[PDB]
Each structure stands twice: as structure tokens, then as C-alpha cells.
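Residue numbers (PDB author numbering), protein chains in the order written: chain S, 300 to 454, 462 to 466, 491 to 515, 522 to 676, 689 to 744; chain C, 27 to 66, 81 to 143, 165 to 172, 186 to 242, 264 to 299; chain X, 993 to 1091; chain H, 745 to 811, 813 to 827, 856 to 1140; chain G, 745 to 794. Inspection log for the structure reproduced underneath, given as C-alpha cells.
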Ligand SMILES: *[C@@H]1O[C@H](CO)[C@@H](O[C@@H]2O[C@H](CO)[C@@H](O)[C@H](O)[C@H]2NC(C)=O)[C@H](O)[C@H]1NC(C)=O
Ligand SMILES: *[C@@H]1O[C@H](CO)[C@@H](O[C@@H]2O[C@H](CO)[C@@H](O)[C@H](O)[C@H]2NC(C)=O)[C@H](O)[C@H]1NC(C)=O
Ligand SMILES: *[C@@H]1O[C@H](CO)[C@@H](O[C@@H]2O[C@H](CO)[C@@H](O)[C@H](O)[C@H]2NC(C)=O)[C@H](O)[C@H]1NC(C)=O
Ligand SMILES: *[C@@H]1O[C@H](CO)[C@@H](O)[C@H](O)[C@H]1NC(C)=O
Ligand SMILES: *[C@@H]1O[C@H](CO)[C@@H](O)[C@H](O)[C@H]1NC(C)=O
Ligand SMILES: *[C@@H]1O[C@H](CO)[C@@H](O)[C@H](O)[C@H]1NC(C)=O
Ligand SMILES: *[C@@H]1O[C@H](CO)[C@@H](O)[C@H](O)[C@H]1NC(C)=O
Ligand SMILES: *[C@@H]1O[C@H](CO)[C@@H](O)[C@H](O)[C@H]1NC(C)=O
Ligand SMILES: *[C@@H]1O[C@H](CO)[C@@H](O)[C@H](O)[C@H]1NC(C)=O
Ligand SMILES: *[C@@H]1O[C@H](CO)[C@@H](O)[C@H](O)[C@H]1NC(C)=O
Ligand SMILES: *[C@@H]1O[C@H](CO)[C@@H](O)[C@H](O)[C@H]1NC(C)=O
Ligand SMILES: *[C@@H]1O[C@H](CO)[C@@H](O)[C@H](O)[C@H]1NC(C)=O
Ligand SMILES: *[C@@H]1O[C@H](CO)[C@@H](O)[C@H](O)[C@H]1NC(C)=O
Ligand SMILES: *[C@@H]1O[C@H](CO)[C@@H](O)[C@H](O)[C@H]1NC(C)=O
Ligand SMILES: *[C@@H]1O[C@H](CO)[C@@H](O)[C@H](O)[C@H]1NC(C)=O
Ligand SMILES: *[C@@H]1O[C@H](CO)[C@@H](O)[C@H](O)[C@H]1NC(C)=O
């Protein structure tokens, strides 16, 4: 009724909807992760150089372990100019410029990127635009001299207001000596996570950043060693290599098709049948209104003589052993009708009564009577005439 | 001196499998039957990228230099084979006519009876190497036969290569933007090609 | 406004193109109806199943909205009997065939 | 199947619905066209167990129970043809189509045209061919006197068709063009998904992941516009193409009603020569007619005159033409040389010798 | 014949090719129409002089 915009429906088969199997879960695959960036080569060296005057250099072309760096209490404190380290675990840069050096904490409190004071402006130069962080530990444990901070100057990330540091050896990195480092920004990219691989179910998927939805399956294509994707004639991706397990998976569409309602007119009955065109009955109780939706809909999904045909799964119609003339057509020689106590039935249509003509080489049949017959024929001849003022239709 | 390039120097343009199909594509390719220069090192422009080849039975070729000048000014690719491995670095190296044998550094890496063929190109700052090896009977010119070069190396390094030279018989041709029709067999190898500009029949 | 002008113009081109195709579909039926009137009504067509099933006798035109209706009068044989038959007859040594 | 795109597609209203209503109109019509052609028979006639059709040999075009149970020639005809899109099945299966071509053929073989005008009336096939000869103005004695020659000319001609259809596929180009056009159009519709239409990428998930919404919606609307225009271009082309196939299906339905169910006298309609009969065979996406025709083949020159003078009366032939062999005069049936003696019973009179140009003097015999 | 425009027209993909293919099929068909109407004769018959 809503499809036709009418409260009264004439007899027929009406397409009302599209059925489309939903992805059941998401699969993510990337290679066996290797060559992580050695951030310890900066942050384990934090006692060494002068934190107001040291040099700095790029870390690049190796995977940024920022996810583990967020969870790990690897230093007494850390702070960042950009986002939190868990957000940095999703990012990349051409390199992160970085350094390690100790200083008096009264100066070193200015060395967090985007901070106030002479460090972030010059002696540990790093505005809020720095794509990264600074971190530290108490230098009084090893980085400070016998006189405290006098072994270094205090005010790039952790690199060149610098003067010989005055912080006493008796206290921690917030005012007394701090052992410290900093690092901030196509090569320094964070690692990519991965899941298990699932087969023979409709899934959402991502292989190396190539994405889709489909039924993943075991396959017998033989790619060359360097090839990663397979394509069909019309550009369409149809196979992939799992980067963790170098065999080939075929990608197949998640099952979909037109949904049509088969009805005698509303004058005759409110009983109906439903055809899921090109669907296999095993797949039907999915996506749209199905087995869940009360006696008002699940009757046409769960029961009422579910039946399989070459046209699709057919629900609500009884299979019948006879043949009759085609009333409402379905496909592949199937037709349906409302019949006697009455229900919707589906049957193979009947071409006509069979007849052996009694031929033999000396027999003829001659008619001995006639009937005059009057046959009606109807032909259309002319449409309703029309003209449209497009100036008024378009601009009113 | 010059030689006819024949149908040499096709290479797999992408990391994709296609089978029993003809695929039409536009890329930097060596045009069929172009003139290819021949040599017995001299410093040559790189242009849009190079088809390079050599005929061997001695292993006297040992590497290449690529960059603008490759003498202390700026980063330059030194690519070497030492028969233990391929060796690469991109340094501002400083040397004479070359660091040839007796016969900063932002990146580094490790990996006549015969013809060795290569294609070198740079797109989006990715320096790309494609290669092939074959035996030969024509120790004198490029053979009149078809085989497709396949990728090796694909480096994001972004250097302005404009000159190159060999490190110690060899042949040089230049890539040009061309449209090719490529034939993939049942196993997804390229097995034939048409350079679409070559003649009216190739356009057809 | 330019989005509405673009959308409404495309929406009108779609209608006019479908009406041009539908007009050709109806004209092919008008040429057929004009031929059925000339051959069936103004004559007696020998063209099998053109002017109704059975052997054609005559037909009558009746008008209808947007069209025409033909009442085809036709002759249909009935009540056959089987008989023995032969292609020719020998009389005085010579073969006779029916006129 | 991107929801962020599908929300923008609602801005366009009824376009992505009247397209489906148009393609549905095409899809129903293909079953109608198939039913206009084949379903012209009310009962499924079937051939007798005996095959004594007067020396004619239909076994190459009749059903074969070792084959569906198609004919021999129908198997050649079936061999020589070779993203939210759904193809749909035809309503009549190839096993139903082959029952209609079987029934039409078994009617035509056993009962002539009679099954096209009432119940099928049996008749001997040699007598059916005598009616087909009368239908072309050749007197029926000509068939019976030449029946074994005529049977062998027919049997020979069917054999050449099997060899032609075995040796080359090039005859079926009309049907193969339908298959090629359907495939070419669908590949073109899918290829157009890869095009940018000026958007920053042709991959919708790039746009959605790389841009903020106020920018992304501007890019997606280019893809929506390009893909909608690419689908309207395909549907418009399919409506124009379906009208060509319908004009061919109406012609094929007419060829079946006139050539198979009768004996059409329309010149060149049922193949070259004077029409005798024709036989349908099924094929992929179409139908094949084997048109059988009589072609006259060994002419001689003769002298002729429009009338003859006897006792002042001018005599004209009833059904024939006057001819001479240079020494004698005869009346002859116009389509095959069989000279008869000129008599009062082969002729009729009108007026005297003065008015007719070129009248000649000869005896007209009185039996 | 602007190069800057032609490079934009490539982004609309296959529309130009299927227009050229449509008008090529239209053009070939006119010669077939004209053949089928007039060329129904197997020999160039010629009238006698008288
Ligand atoms: C009808 O003609 C066919 C050939 O077109 C005849 O079939 C062949 O008959 C011979 C002898 O039996 C066999 O060796 C061939 O193998 C048959 N060919 C096929 C394709 O089956 C057939 O015998 C003829 N029938 C009549 C009644 O004359
Ligand atoms: C023209 O036809 C007539 C009849 O067929 C021919 O006349 C007969 O000729 C044969 C010899 O060829 C004679 O035995 C008959 O007695 C003739 N019959 C009569 C009634 O005369 C005549 O020969 C033919 N003319 C030519 C030039 O062939
Ligand atoms: C056909 O026969 C008639 C006689 O039956 C011929 O007519 C006569 O011909 C002679 C000689 O020319 C005349 O003397 C008579 O006066 C004619 N009579 C009439 C009534 O015309 C006639 O010439 C013959 N026709 C031909 C073509 O030979
Ligand atoms: C990935 O690692 C597993 C062990 O965790 C190993 O069995 C497998 O072979 C590796 N695959 C690749 C492609 O390196
Ligand atoms: C349909 O049925 C209703 C009663 O249920 C009746 O009023 C109406 O006239 C009927 N219409 C037709 C077309 O039979
Ligand atoms: C799919 O459909 C076929 C009939 O087309 C049926 O036999 C088969 O059991 C179905 N497959 C599954 C896995 O349900
Ligand atoms: C139809 O008949 C078959 C036997 O030929 C039987 O197996 C089947 O159950 C019957 N189905 C119905 C609905 O009668
Ligand atoms: C012929 O059929 C009519 C009815 O159509 C019947 O009334 C009449 O008696 C029949 N005549 C003969 C001779 O059978
Ligand atoms: C350049 O190559 C062409 C064949 O492509 C050849 O005809 C021509 O002679 C060559 N020119 C020189 C200078 O060798
Ligand atoms: C080294 O790299 C820096 C930028 O990181 C650049 O300023 C300098 O010129 C380079 N020097 C050489 C010798 O390449
Ligand atoms: C060859 O290169 C490898 C590293 O790729 C190195 O270990 C080895 O010592 C080199 N040998 C020679 C002879 O240069
Ligand atoms: C490469 O050289 C061009 C000018 O020739 C210049 O625009 C570009 O910035 C250079 N890139 C690098 C990485 O030096
Ligand atoms: C394809 O590859 C297989 C091994 O994977 C090989 O046996 C076969 O000969 C190859 N076929 C072709 C056509 O190259
Ligand atoms: C004609 O005769 C056959 C037997 O030779 C018989 O089967 C058939 O029913 C008869 N038909 C009529 C109309 O009498
Ligand atoms: C008829 O005779 C003329 C010569 O008088 C000749 O050219 C022509 O070919 C002949 N035709 C036949 C059918 O013999
Ligand atoms: C044919 O033409 C000749 C010469 O004019 C004339 O004598 C003769 O009577 C004509 N015959 C016929 C049958 O027209």
C-alpha cells in the first residue's frame, strides 16, 4: 500500500523492497609488525647533555610505539604540545625531531613543548605546534654532579637563555636537577593493529588499508610473489593476499536481492506471499523485517510453508503438485494464484493439454459443421496531449 | 652510437593480479623500436626515468650513482652490488670521477652470456626499481624478444635525481608517457604488449 | 537557485525523453490499427491470424477512449469425421486428380 | 552501501525509483515478447511413432530424446551463440520453449495449416504438399509425378543447413550482437564507478576518512551526480534498445502466424522464391525460421500470342498461356512447362478476331 | 582543442567514447537502410532499345 501510494491493491506481484545481508563483524589485517622506533635511544640517555644547549636529531622510517609509550610509566613525568600519547599512536610524520639532556628543574619546567619560559621559546625550542612530548626523571639519582646541576646548562625538543645550571643535588626534577628528553614532529608512523581472520561469513574487512564488505573464502588463484590484490574484468577487486598468511582469499558479495509481494487484490483477501529474488532460503531471516517482527510480519519469514525456487526463496505460498494456467508469474516456469478454504499456492505453469494427432498415410479428417465466431481486439491509438511552459515550471 | 630497442622494457606497472585479460594503461614506458644509446664512466641525464641494461659474462659492473651532482653538496643515491648483498645509502658522498673498483646520510638499506635489465623511475618522491635477468646469444645488441621487468625496491626518499652514472657492454633508453595495451596470461604474467602510438594498426 | 534550476531542468528532460519513447510505442500501434482498418474492415484479409483466429470473414470498428476496438467475424470448422483418402484414382489405366 | 552518501541521495527525490519502474517495464516486456512468438498454439501436439511422411526426412529438426530434448539443429544454434546489478530469469525456461517449437512443428507436419484455424485435422504429408503446390499456381499432378525427386531435394537442402551451422558461427551474428550489447553496456556501467567526476578520489571511503563533513559532502555530491548521470545514460539506452527488440519480436510473431501457421503469398516475406512452408527452431535470445520455397530453374524460349482465331471467334486460355514450339500450338500452366492440346475446354470465347492485337490462326479442338 | 580542458574531460570517464560509438552506429545504419530498400535486384537488368 505504501509502495503504490494507495489503500486499494489490484492483483499481481509488486517489488516493495531490497533484502541485503548485513556484515556480522569486522576483520583487520596488516603485516607481522617489525622495526619499531627505538625511543629508548632518546629517553634512556636523558642524563647526558646540557638541556639548555644540546643538539637534536630526527627519528624516522621506523614504527612509532606511542601506544605502549602512553601506558608505560617509563619516566617520572611526561607532557605534550599536541594530543595525548594514545592519540599520537594513530599519527605519522616525516620524522620526529628529538634530544636528551639534563638541566636544573627551575629551567626544565619550561622545556615541555608549548610551555612558557626560555626553554620552549629557545633553549629547548618547541611551540604548541610540536607533534610530540617531553619527559623526565630526577637527575639527583645519577645525572647531577657533586655540586648538582653545574655539569650542564639550563634555560628543538630537548635542544638549543642557556647558562650554567644552579639546581642543588638534594632534590627531584621539578626544581632541582632533572634528567630529561623530548621528541616531536611519511616515515615515523604508528603501528597498525590486527584481528583474527574469519571465513565463509559476511564481514566488513580491511587488508593493508584496502577495505570492503564481503564473504571471505579460501581460493586457488596463483598470484606472482609481489602481487597483493586480484581484479575482475570490470575493475572490481575479487581476491586478496592475507599479509600475515601469504595464501589468497577470494572476496564474494554479501547476498542481496529484490523483495516482492504476491497478492490477490484487496477485494479478494489480505493474505500475501513474499519472494526474496535470487536469495537462498538458508540466508533469508536476516537484514530487513524477518523472524523477529511479531505475527504481523514473521509469518512471512519463519513459517507459512517456506519454499525454494529457481527465482528465489518464496514464503507464505503452498507448493502444489498439479499444473494450471499461469495466473501471477514468478520465474523459471513457476506461477502462483489464490485458490481453494482458500490460500496462495505456487505451481509449475501448464503449457496446454497434450495431443497425439492421429496421422497415418491414408487418413484425412474433414469438418462436417461450422461455428461463426466473433473475436474482440483492442488497440491504443493516441496519448493524452500535453505542453509545458518550462519558464513557469522551473522558475514559478 | 645507437641501437634499435625492439620490444624491450615493459614492466609490471602495479602490484595487482589479472588473468587471461588485456589491460590498457598509461605510464612512463620505453617506446617500442626507439633508438637506445650504447656504451663501453660517462655522466648522463636521468630525464623522466631510465631503462638501463648490460650484457655480461664477467660481473665488472658493480653499481650506480644518482642525484644532482653526488659530490658533498647534497644527498645522492649510491647503489652497489658486492656479490654478498645489494647495498644502498643516500649520503652527501664526496669522490672523484667515481668511487669505481680497480677494473648527511638520511637512509640506508641492504638486500657475453647474460643480459641484466632494469628500469629506474621517481614518482611522488618514491624511487622505484624494476628488474629482469636472462641468458643471451646476441652479446652485441638488445635481443628481439619479449619479457616483462618486475619490481624490487620502492623508496620514499624524495631526492631530485637529474644525473646518473655507472660504477665499474651497456645500454641506455629514456621513459616517456605512453599508453600500452598489456596481455596477462592465465597465471597473471604479462606476455605481450602494444605501444598504442607505434603505427595505425597499433592504434586499431 | 542554480541547484534548483539544475535539478528541475534535469527532472523535465527525464519526463520529455520518456514521453518521446512512449510516443513512438503508441505510433507503432496507431500504424497497426490504421492497417487493420484498411485490410480487415475495408477488405477480407487472407493473412493468417491478422484479423482474428479462424478463417476471416469481416470485422466492425467500434470507438473506445484513446483507442479502437475491432469485432472480428471469423469462420471456425467443427464436428470432423475420419475418412480413408488417396491422392489420385485409376480409371481406364489413367490417373485422375480432383479439380 | 555508505550511509553518509545515502542521506545526500534523498535530496534528489524520485530519480532513484522511476529508474527501477523503467527497468521493470523492460523486464516484463521480455517475457511478453517471448510469449507473443512461441505461445500461438493452444495444445501441445506430438508426432506419431511412425515417420512415413511421404519420403521427407524431418529427423534433423524434430525433437531428439537423446538430447532438453531439442532437435539436432537446435543444439547447433545453442552452441554457436556464446555492484547492485541483478540479472533475472525468463518466465519460460528453454525446456518450455523447446516444447512450443516441438508442438508447432508436430502440428505443421501432421495437419498442415488446420491447427491455426480450429482443431488439428490429420492429412497425408504428400497430400499436404499438393495443397502447398496449388497455393503457388503449380498443378498438383506435378508433385505426385515428381514426388521422389522433390523429397530428395528437400532432404538434401536440410543437410546443407547442418553443415553451414557446423562450419561457421558467422550466420548467428544478429543473436550474438544482443549478447555482446548486453555485456558491453553492463561493463560500461560498472567501469564508470572508477571515474572521479572531478571529486578528489573515486573511492567514497577516501573522501569520508580524509575530510571534515562540510568539505566531504561537496566531494560526495560530485560522485552522486556522476553516478546518477551514468545510470540515467544506461537506462535511457536500454529503453531505446528494447524498442528495437520489440519491433523484431512483433515481426517474428507475424512471421510465425503467417509463414508457419499458413502459406503467405506476400512476396519475399517468407524467404526468396514462391513460399511452400516454414519450420521454427529455438535459439538463445531469439528464433530461427527454415523457409522452404519453390524456385523455377530451367527456362526455354517460346513464341506466344494473346488469343487464337478459330471460326471467327477469339479464344483465350482459362488458366494458362498459349505457346508454340515453332510448328504446333499448346496451352501451358504459367509456372512449369506442361503443354496441353488447345481445346474448347482449356479456353473461353469473347467476340471476333478484329479487336485483339496479335491474335493468331490455329485449330481449337472440340472433344 | 584546449589541453587544459581536455585533461578535465578525462575525469568524466567513458561518456565521450559512448557518444562517438552511438553516432558511428547511427551513421553505419543509414547505409544499411539504403541498401535494403534499393539493392533487391541480383543483376543490372537493361531495357531493350525498342
Ligand atoms: C534421415 O536423414 C539422416 C541424416 O541426415 C539419417 O541419419 C543417418 O543414418 C545413417 C544410417 O542409419 C547413420 O549412419 C548416420 O549416423 C545417421 N546420422 C545421424 C546424424 O543420426 C536417417 O537415417 C534418415 N532417416 C530416414 C527415415 O530416412
Ligand atoms: C512441336 O510439338 C509437336 C507435338 O509434340 C511435334 O509433332 C510431333 O513430332 C513427332 C516427331 O518429333 C511425330 O512423331 C509426331 O507425329 C508429331 N505430332 C504431330 C501431331 O504432328 C513437333 O515435332 C514439335 N516441333 C518441333 C520443331 O520439335
Ligand atoms: C486468319 O484466317 C482468316 C480466314 O479464316 C484470314 O482472313 C482472310 O484472309 C484472306 C487473305 O488475306 C482475305 O482474302 C480474306 O478477305 C480474309 N477474311 C477476313 C474475314 O479477314 C486471315 O488473313 C488469317 N490471319 C492471318 C494473320 O494469317
Ligand atoms: C607471522 O608470525 C607468525 C608467528 O607469530 C608466523 O607463524 C608467521 O609465519 C608470520 N607470517 C609472516 C608473513 O611473517
Ligand atoms: C471491492 O470490494 C468492496 C467491498 O469490499 C466494494 O465496495 C467495491 O465496489 C469492490 N470493487 C470492485 C472493483 O470490485
Ligand atoms: C543454496 O541453494 C541451493 C539450491 O539453489 C540449495 O540446494 C543449497 O542447499 C543452498 N545452500 C546452503 C548452504 O544453504
Ligand atoms: C508431489 O508428488 C511427489 C511424488 O511424485 C511427492 O514426493 C511430494 O511430496 C508431493 N507434494 C505435494 C505438495 O503433494
Ligand atoms: C451444426 O452446429 C449447430 C450449433 O453450432 C447445430 O445447431 C446444428 O444442428 C449442427 N448441424 C449439423 C448438420 O450437425
Ligand atoms: C631512430 O629509430 C628509428 C626507428 O624507430 C630509425 O628509423 C632511425 O634510423 C633511428 N635514428 C638513428 C639516428 O639511428
Ligand atoms: C644535512 O641536513 C640538513 C637538514 O636536516 C641540511 O640543512 C644540510 O644542508 C644537510 N647537509 C648536507 C651535507 O647534506
Ligand atoms: C658486502 O656487503 C655486506 C652488507 O650488505 C657486508 O657485510 C660485506 O662485508 C660486504 N663485502 C664486501 C666484499 O664488500
Ligand atoms: C626539487 O627541485 C625543484 C626545482 O627543480 C624544487 O621545486 C623542489 O623543492 C626540490 N625538492 C627537493 C626535495 O629538493
Ligand atoms: C601456470 O603455473 C603452473 C604452476 O603454478 C604451471 O605448472 C603452468 O605450466 C603455468 N601455465 C602457464 C599457462 O603458464
Ligand atoms: C480417427 O481415427 C483414429 C484411429 O484411426 C482415432 O484414434 C481417432 O479418435 C479418430 N478421430 C475422430 C475425430 O474420429
Ligand atoms: C532466347 O533467345 C535469345 C536469342 O534469340 C537468347 O539471347 C536468349 O538467351 C534465349 N533465352 C533462353 C532462355 O534460351
Ligand atoms: C509485334 O511487333 C511487330 C512489329 O511491329 C508486329 O508486326 C506484330 O504484330 C506484333 N505482335 C504482337 C503480339 O504484338
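Idealized CB from N, CA, C, for every residue including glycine.
C-alpha distance - residue i paired with residue j, whole-angstrom precision
i: residue 114 of chain C; j: residue 131 of chain C; result: 7 Å
i: residue 791 of chain H; j: residue 1034 of chain X; result: 40 Å
i: residue 589 of chain S; j: residue 554 of chain S; result: 14 Å
i: residue 728 of chain S; j: residue 1062 of chain X; result: 12 Å
i: residue 972 of chain H; j: residue 746 of chain H; result: 16 Å
i: residue 1036 of chain X; j: residue 1049 of chain X; result: 6 Å
i: residue 1068 of chain X; j: residue 723 of chain S; result: 11 Å
Range of the contiguous alpha helix (DSSP H) that encloses residue i
i: residue 633 of chain S; result: 630-633
i: residue 118 of chain C; result: That residue, residue 118 of chain C, is in no alpha helix (DSSP H); its beta strand (DSSP E) goes 117-121.
i: residue 711 of chain S; result: Note, residue 711 of chain S: premise wrong, no alpha helix (DSSP H); beta strand (DSSP E) at 711-728.
i: residue 778 of chain H; result: 759-782
i: residue 295 of chain C; result: 295-298
i: residue 1125 of chain H; result: Note, residue 1125 of chain H: premise wrong, no alpha helix (DSSP H); beta strand (DSSP E) at 1120-1125.
i: residue 795 of chain H; result: Per DSSP, residue 795 of chain H belongs to no alpha helix (DSSP H) and is neither H nor E.
Closest by C-alpha distance to residue i, when choosing among the options
i: residue 760 of chain H; options: H:998, H:824 and H:793; result: H:998
i: residue 236 of chain C; options: C:33, C:93 and C:106; result: C:106
i: residue 888 of chain H; options: X:1045, X:1002, X:1088 and X:1056; result: X:1045
i: residue 32 of chain C; options: C:297, C:292 and C:219; result: C:219
i: residue 856 of chain H; options: H:1105, H:1092, H:1068 and H:964; result: H:964
i: residue 165 of chain C; options: S:414, S:447 and S:357; result: S:357
Where the beta strand (DSSP E) containing residue i begins and where it ends
i: residue 1050 of chain X; result: 1047-1056
i: residue 229 of chain C; result: 224-229
i: residue 1090 of chain H; result: 1086-1090
i: residue 53 of chain C; result: 47-55
i: residue 273 of chain C; result: 271-279
i: residue 400 of chain S; result: 395-403
i: residue 549 of chain S; result: 546-554
i: residue 693 of chain S; result: 691-696
Residue i in three-state terms, based on DSSP
i: residue 1111 of chain H; result: coil
i: residue 1104 of chain H; result: strand
i: residue 1026 of chain H; result: helix
i: residue 668 of chain S; result: coil
i: residue 748 of chain H; result: helix
i: residue 948 of chain H; result: helix
i: residue 379 of chain S; result: strand
i: residue 927 of chain H; result: helix
i: residue 575 of chain S; result: strand
Amino acids of chain B, ordered along the chain, whose beta-carbon sits closer than 7 Å to that of residue i
i: residue 903 of chain H; result: Annotation note: the requested chain B is absent from the structure, which comprises protein chains S, C, X, H and G.
List, from N- to C-terminal side, the beta strand (DSSP E) runs of 3 residues or more that fit wholly inside the stretch 578-654 of chain S.
581-588, 592-599, 609-613, 643-645 and 648-651
Which runs of the beta strand (DSSP E) fall wholly inside the stretch 869-918 of chain H and span at least 3 residues, in chain order?
none
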